[PDB]
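Structure 1 and structure 2 below are the same protein chain in two forms, each given by itself as structure tokens.
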Structure 1
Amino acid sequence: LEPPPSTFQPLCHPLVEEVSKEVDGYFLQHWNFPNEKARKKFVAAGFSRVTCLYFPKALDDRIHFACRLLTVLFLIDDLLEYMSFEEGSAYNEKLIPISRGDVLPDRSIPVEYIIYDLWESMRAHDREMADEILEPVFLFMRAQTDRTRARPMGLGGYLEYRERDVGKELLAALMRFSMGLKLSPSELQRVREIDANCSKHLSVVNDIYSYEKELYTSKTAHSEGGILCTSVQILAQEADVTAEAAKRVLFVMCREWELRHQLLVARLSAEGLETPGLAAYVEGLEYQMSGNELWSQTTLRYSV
């Protein structure tokens, strides 16, 4: 799959080697892997590497928190595939009071204490900004087991749902926390079109690269948890083409979203509405889009 031309230059956090070793090492000590094959596949995914490509301008003392959070969410994302919608919802819901710090974890259950200790450590570092990531994470968790996944969706409907299932808002709040980038309610409200556009590009670039993995999962994992819900399948069905053809067409649409990001950014600035915080923010989203694509193209999670 030859990607169409992009003007976006991906950037990777400078501490990726040291932080990846630290965070992978942490999960290798604490998380319950089924076998050595799984431990190896985990390290091969490079979950801290993707986090560093998402947030290349994170503060040096904050990037590890983001890596830990996205890593545990990737691990859970995979566990949910073997669960019903009801079981997966129960699993996620138990973690929500624990994430808030309202309920102590069972220390015999790694996901519980990993989640508790992580969020405790984020609030210890920056309470106000850590708290702002909680509701975005919960909205994402609740979308993951939403019954609407078992109903036919068109492309527009899917993209609207997928903004939650892809964790767009949690990634935004996490980016801001990791950069120490504070924005006012007025500033946040101003960039909602840019956010929605960026969400489509993240979602579809992921759908493109993750399709083979997800198709296999739909044939082998749980009938609800493993259900094939992706733009690749939707466009293939609507246009009556193969999945490979649908990827090529969707990648061209991703580049139209890149152009639209640039146009909206130029418009924010030409309307006199671009603040220094917002300029940092929308450039940050550009790194999410290009970082996600670069990792998705290289990671063994999708190629194997």
Structure 2
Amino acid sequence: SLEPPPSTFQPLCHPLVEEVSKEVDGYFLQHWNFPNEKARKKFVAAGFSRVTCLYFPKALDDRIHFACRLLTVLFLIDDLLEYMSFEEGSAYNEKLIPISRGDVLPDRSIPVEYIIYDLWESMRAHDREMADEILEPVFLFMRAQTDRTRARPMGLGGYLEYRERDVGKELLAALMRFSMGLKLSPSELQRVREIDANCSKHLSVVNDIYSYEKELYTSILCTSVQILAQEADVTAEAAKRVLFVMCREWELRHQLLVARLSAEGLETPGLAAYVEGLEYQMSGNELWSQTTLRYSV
């Protein structure tokens, strides 16, 4: 099989993983309109709350659950969208957006509508200012869930630059800041721009490495594995390995940029905690990619 190269990074989980998993999972099991029982067992087996704790281990104890709820519903909605058309899904989420802003009261008879309205109302209660900060990142993501992918020849360079702007990863960085109470200033973010780009790249390639077998079932393939294999003319497996070393090079560069950021006296306490959180998203994303059933054939 495939062996991951040496890494100075290691996966961690949020301390309250078990308590939150129970809480959040419980809520949805009683509120979410699940199809049959096999579905409820498939939901618990997924442990979305646990996935979230693996991504945001350094999240505040009284905030980690918000993230678990947020991602949980996003994962669920993403599954529903699978059985819908771009027109349907687009309209579906576009409706939940005003409900998320809290500018439209939900139809209490529809689960997803009040779960969303409630989740955001709850969030604004805990921290109005920061809760508003993640509104845009979330919608940007939601709208992207139903966007049509334009196919065009892309070399490794173009592909990687494209992933640097991935909205899913942008959502994770903004959600992580919320779960950690990190209110970074405009100057501080523009200060870690390279770090973010590098990280977003890491997360994506790691996903490509383990999601390849899945996507290669085409019964519109956009992945670094495919691109690196054709450009270097090697097998997909050969490309996966090469891509993995590249990822370690991005971990190194991360440490370099973090050292540079500090050496220049620009590492405020927040950025310190932030760039650390990012290190855990990278290691967390890797363990997840290696186990999640989403990538299972």
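Numbering for residues begins at 1 and runs along the sequence of structure 1. Think of the rigid core as the biggest set of C-alphas that the two forms share within 1.5 Å after superposition.
Core-superposed comparison between the two structures: among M175, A130, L202, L95, the single residue whose C-alpha moves by 2 Å or more is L202. Relative to the superposed rigid core, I109 undergoes a CA displacement smaller than 2 Å between the two structures. Core-superposed comparison between the two structures: the Cα of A243 travels 2 Å or more.
Once both forms are fitted on their core, the CA shift for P34 between the two structures remains under 2 Å. Relative displacement of the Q288 Cα between the two structures on rigid core alignment is 1.2 Å. Look at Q297: with the core superposed, its C-alpha moves 2.3 Å between the two structures.
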